[PDB]
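In the form deposited in one PDB entry, a lone chain appears below as structure tokens.
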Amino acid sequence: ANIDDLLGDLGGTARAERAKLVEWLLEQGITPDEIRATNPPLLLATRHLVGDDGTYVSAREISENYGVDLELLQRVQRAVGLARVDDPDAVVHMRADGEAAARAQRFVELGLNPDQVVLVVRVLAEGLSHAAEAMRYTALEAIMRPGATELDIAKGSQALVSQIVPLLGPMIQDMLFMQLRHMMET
């Protein structure tokens, strides 16, 4: 009944299904802490498919790991809207997020204006967050089938999201180059 503190204030059917979901999440190496911190837990087991392995890093680690400037790194993280956690020593950044933010540096190395570069991140992040919303709803519609236990959905999202992820990177990339092409001809 360690699990009991993870079901929270839930009752009846919803508590028994959540208990099945929690048992399974624990076998997938999700810790009680990740489950308590994530409400609802349903898609904790799909997260590793989009690059969250549960490992964290500080801004200092990021800046030495990926060879980038800490000030610039901080500005980018703000633009993306992630971890306002201003302190550059707190180990509170998803590892994939630090890699992604460090790419900023190379555009500045080529002589692009640091301010314009942070701007582009800001604008891209705004657009993509809306697109991520609709994506989630889209995939939710697909997995959620009447008489679906919470565990049925979690397992079904693993199978579905697993198949979709390899297509998404190429898709968004094509969609960016489509805009660039038509901004050049335009």
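Only residues modelled in both forms are compared. Start at 1 with the first residue shown and count on from there. We call the rigid core the largest set of C-alpha positions that still match within 1.5 Å between the two forms.
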property: 83-91 versus 69-77 - greater average Cα B-factor per the deposited record; result: 83-91
property: Assigned third (lowest, middle, highest) for the C-alpha B factor of residue 155; result: middle
property: Position of residue 111 among the chain's modelled residues by C-alpha B-factor, lowest, middle or highest third; result: middle
property: Residue 140 CA temperature factor, ranked by third within the chain; result: highest
property: Relative C-alpha B-factor of residue 63, binned into the chain's lowest, middle or highest third; result: lowest
property: Relative C-alpha B-factor of residue 46, binned into the chain's lowest, middle or highest third; result: middle
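If you look for the form deposited in another entry, you will not find it shown, but the lines that follow are about it.
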property	result
Option from 62, 121, 35, 154 moving between this form and the one not shown, CA shift at or above 2 Å, rigid core reference	35
Residue 174: Cα shift of 2 Å or greater between this form and the one not shown (core-aligned)	no
Displaced residue check between this form and the one not shown: residue 26, CA, 2 Å or over, core reference	yes
Core-aligned CA displacement of residue 10 at least 2 Å between this form and the one not shown	yes
Moved runs of 3+ residues, each with a C-alpha displacement of 2 angstroms or more between this form and the one not shown on the rigid core	1-16, 18-42
